[PDB]
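Colleague: Here you go, one structure.
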Amino acid sequence: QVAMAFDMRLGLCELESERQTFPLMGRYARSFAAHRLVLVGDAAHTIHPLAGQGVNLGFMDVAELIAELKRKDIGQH
Amino acid sequence: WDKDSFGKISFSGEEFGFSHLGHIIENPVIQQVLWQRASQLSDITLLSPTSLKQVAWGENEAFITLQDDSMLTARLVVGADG
Amino acid sequence: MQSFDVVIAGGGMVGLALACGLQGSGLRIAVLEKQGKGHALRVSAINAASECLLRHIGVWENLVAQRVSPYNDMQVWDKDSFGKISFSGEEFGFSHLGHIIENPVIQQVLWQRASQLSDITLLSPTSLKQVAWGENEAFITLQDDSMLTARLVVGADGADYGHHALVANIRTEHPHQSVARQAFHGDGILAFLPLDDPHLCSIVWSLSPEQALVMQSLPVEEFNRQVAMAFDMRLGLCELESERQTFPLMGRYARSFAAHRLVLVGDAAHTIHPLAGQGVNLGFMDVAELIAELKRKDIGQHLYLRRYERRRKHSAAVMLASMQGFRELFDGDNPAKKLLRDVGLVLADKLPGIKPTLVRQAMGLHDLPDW
């Protein structure tokens with residue numbers, strides 16, 4: 001079934017590992033600011049046009065956050 | 001087979017002792033062949049190239065006519081292949 | 001009998017265009033026709049390519065001096081995605097994209113040319129009683145038992161659909177300013193074709209048969225209201241002047257049929273087109289190419305003909321692909337695309353620059369043979 005859904009692009013297929021599922025907790029969120037609270041989304045588990053790339057959105061959240069934080073009061077919303 | 005569900009069924013007559021399920025045959029060959037049989041039969045005559053000018057459906061005869069004004073009659077009429 | 005090189009069933013715009021044109025060719029032409037000064041109900045939006053056919057056949061000056069309504073500017077939009085594209089030839093140095101011209105004027109004009117030509121005689125009011133398709137002659141006959149023969153026969157202007165068109169003359173609050181306007185709304189399309197009167201348009205409203213029928217039978221104050229909303233009030237309050245007329249759009253999966261000494265050209269005057277009022281242009285282009293091909297072997301044999309058929313069925317697929325393409329373009333002009341434009345991550349979009357391509361299509365200066 002995996003191979004047909006892939007057009008047989010790589011021929012016959014064989015699962016080695018266990019099969020694991022997890023909800024894609026995108027797509028309408030990734031940030032929450034609050035009075036001395038910052039939330040960054042679980043980008044590791046979020047939808048993206050490019051497979052396996054969600055976490056990049058997180059690494060980019062924090063780079064920008066590193067940038068902004070290294071200056072007033074760090075916490076004020 | 002189906003490209004969406006990936007469902008598929010395959011089958012053979014050989015599995016049930018048959019040599020063929022059918023034959024692919026060109027239409028011109030089929031028709032020109034049955035045409036040759038047609039005039040190789042005497043209770044059949046072939047009228048061509050002929051188009052119909054009028055048909056007056058009678059109770060006992062067909063009373064059809066031809067463009068070349070050759071009157072024609074028939075018990076029953078049957079149309080096909082168009 | 002009388003003997004002709006080509007007889008032409010149903011002599012309307014396109015067949016006569018063929019008559020004047022398929023000439024100075026050595027071919028004798030017969031033409032079978034089986035049958036005011038106010039704004040006609042029926043108008044066609046004649047493009048530059050079509051103009052070059054009519055200017056060539058010497059008739060342009062005529063219906064110009066009659067009544068002609070130049071547009072150089074066009075606007076198309078969609079009421080659902082709010083997408084819209086507008087364009088002009090002036091932007092590329094052209095004075096006009098086309099002309100709105102009344103059908104009766106066009107045809108009565110080409111009719112006058114017809115008998116002002118001696119290799120053309122006109123047979124009317126005449127209907128066919130019998131045609132016996134011979135190997136070398138047409139052997140067709142008339143109801144008045146006048147035998148007739150022809151090398152090749154060609155039918156046009158009449159002789160399956162999806163939508164109907166409601167057409168009518170509509171006075172608008174705001175001047176149309178010589179803009180051909182077209183609005184998509186679901187599976188309704190509503191076009192306003194500008195006329196001589198600075199405040200009058202002839203519309204083409206493509207609707208389902210059931211929708212066209214209801215609109216045609218609506219009381220006028222309701223029609224006035226309803227037409228204007230479907231047009232986004234682009235020209236303000238609306239008032240029907242003329243009668244409301246509907247006719248099936250006999251596109252879209254045909255326009256050509258070749259056969260043993262038979263050529264059929266579609267009733268392009270009644271066929272779907274991306275650009276409202278433009279169907280007939282497809283017909284004028286069918287015949288130009290046919291004039292071109294006919295003026296040479298045997299004129300009638302369905303061998304030197306089916307290659308002509310290829311070209312036309314081809315053109316009809318192109319027109320179909322184009323309507324599909326206008327819809328894709330409008331449904332793609334949405335807010336997510338706007339966001340991506342801004343941020344530079346658009347993969348697929350309106351091309352640089354479709355304005356010039358929209359102009360070459362409206363003018364239809366492609367499609368031409370030259371000559």
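In the structure tokens, the first chain shown is A, the next is B, and so on; residue numbers restart at 1 for each chain, and ligands run from 1 in the order shown.
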Please extract the residues of segment 113-304 of chain C with a backbone DSSP assignment of strand (DSSP E) and present them as number ranges by chain.
Modeller: C: 120-123, 128-131, 140-142, 148-155, 164-172, 179-185, 188-194, 200-207, 238-240, 245-248, 256-259, 262-265
Colleague: Please identify all polymer residues within 8 Å of residue 305 of chain C, counting only C-alpha atoms, omitting same-chain residues fewer than 5 positions from it, and present them as a ChimeraX atom specification.
Modeller: /C:258-259,263,300
Colleague: Can I get the selection written as a PDB file, in the first residue's frame, with N, CA and C atoms?
Modeller:
```pdb
ATOM      1  N   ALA C 258     -15.761  17.539 -41.555  1.00  0.00           N
ATOM      2  CA  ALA C 258     -15.401  17.284 -42.940  1.00  0.00           C
ATOM      3  C   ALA C 258     -15.984  15.940 -43.345  1.00  0.00           C
ATOM      4  N   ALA C 259     -16.310  15.815 -44.626  1.00  0.00           N
ATOM      5  CA  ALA C 259     -16.881  14.587 -45.152  1.00  0.00           C
ATOM      6  C   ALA C 259     -16.582  14.516 -46.633  1.00  0.00           C
ATOM      7  N   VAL C 263     -18.134  19.994 -46.229  1.00  0.00           N
ATOM      8  CA  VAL C 263     -17.466  20.704 -45.148  1.00  0.00           C
ATOM      9  C   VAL C 263     -18.541  21.407 -44.361  1.00  0.00           C
ATOM     10  N   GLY C 300     -13.153  18.580 -53.290  1.00  0.00           N
ATOM     11  CA  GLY C 300     -14.210  17.879 -52.582  1.00  0.00           C
ATOM     12  C   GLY C 300     -13.754  16.675 -51.780  1.00  0.00           C
TER      13      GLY C 300
END
```
Colleague: If you take only C-alpha atoms and a cut-off of 9 Å, which residues of chain B touch chain C, and what are their nearest atom pairs and distances in Å to one decimal, in chain and number order, as a tab-separated table?
Modeller:
```
residue	atom	partner	partner_atom	distance
B:50	CA	C:132	CA	8.6
B:51	CA	C:132	CA	7.6
B:53	CA	C:130	CA	7.4
B:67	CA	C:132	CA	7.3
```
Colleague: For chain A, which residues have at least one atom within 12 Å of chain B, if we go by only C-alpha atoms? Write them as a PyMOL selection string, please.
Modeller: chain A and resi 1-7
Colleague: From a DSSP calculation on the backbone, collect every residue of chain B in alpha helix (DSSP H) and output the set as a PyMOL selection string.
Modeller: chain B and resi 27-38
Colleague: For segment 87-95 of chain C, find every residue with an atom within 6 Å (counting only C-alpha atoms), except residues of its own chain fewer than 2 positions away, and show them as a VMD selection string.
Modeller: chain C and resid 72 to 74 355
Colleague: Those same residues - N, CA, C and O atoms - I'd like them written as an mmCIF file, in the first residue's frame.
Modeller:
```
data_model
loop_
_atom_site.group_PDB
_atom_site.id
_atom_site.type_symbol
_atom_site.label_atom_id
_atom_site.label_comp_id
_atom_site.auth_asym_id
_atom_site.auth_seq_id
_atom_site.Cartn_x
_atom_site.Cartn_y
_atom_site.Cartn_z
ATOM 1 N N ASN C 72 -11.438 49.669 -26.935
ATOM 2 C CA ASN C 72 -10.018 49.346 -26.845
ATOM 3 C C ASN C 72 -9.618 48.778 -25.476
ATOM 4 O O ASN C 72 -8.464 48.443 -25.229
ATOM 5 N N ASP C 73 -10.590 48.664 -24.589
ATOM 6 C CA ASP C 73 -10.301 48.392 -23.207
ATOM 7 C C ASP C 73 -11.248 47.338 -22.693
ATOM 8 O O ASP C 73 -12.421 47.329 -23.055
ATOM 9 N N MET C 74 -10.741 46.460 -21.832
ATOM 10 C CA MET C 74 -11.518 45.320 -21.379
ATOM 11 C C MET C 74 -11.336 45.118 -19.888
ATOM 12 O O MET C 74 -10.274 45.429 -19.349
ATOM 13 N N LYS C 355 -1.234 40.757 -19.610
ATOM 14 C CA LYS C 355 -1.879 41.851 -20.344
ATOM 15 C C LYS C 355 -1.603 41.757 -21.844
ATOM 16 O O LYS C 355 -2.558 41.577 -22.613
#
```
Colleague: In Å, with one decimal, what is the gap from atom CA of residue 224 of chain C to atom CA of residue 103 of chain C?
Modeller: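 Going from atom CA of residue 224 of chain C over to atom CA of residue 103 of chain C, I get 24.7 Å.
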Colleague: Distance atom CA of residue 242 of chain C-atom CA of residue 70 of chain C, one decimal place?
Modeller: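 So the answer is 21.4 Å.
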Colleague: List the spatial neighbours of residue 24 of chain A as a PDB file with C-alpha atoms, in the first residue's frame - criterion: any atom at most 8 Å away, only C-alpha atoms, same-chain residues fewer than 4 positions off excluded.
Modeller:
```
ATOM      1  CA  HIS A  45       4.877  18.160  15.285  1.00  0.00           C
ATOM      2  CA  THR A  46       3.366  20.684  12.950  1.00  0.00           C
ATOM      3  CA  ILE A  47       2.275  20.641   9.340  1.00  0.00           C
TER       4      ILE A  47
END
```
Colleague: Could you tell me how far atom CA of residue 111 of chain C lies from atom CA of residue 125 of chain C, in Å and to one decimal?
Modeller: 13.7 Å
Colleague: Can you pull out the residues contacting segment 49-53 of chain C? Cut-off 12 Å, using only C-alpha atoms, and skip same-chain residues under 2 positions away; I want them as a ChimeraX atom specification.
Modeller: /C:13-14,16-18,20-22,44-47,55-61,63-64,68,70,96-101,106,110,278-289,291-292,360-371
Colleague: For segment 58-69 of chain A, list every protein, DNA or RNA residue within 10 Å, evaluated using only C-alpha atoms, and leave out those in the same chain fewer than 5 positions away; present the list as a VMD selection string.
Modeller: chain A and resid 30 to 31 38 to 44 46 53 74 to 75
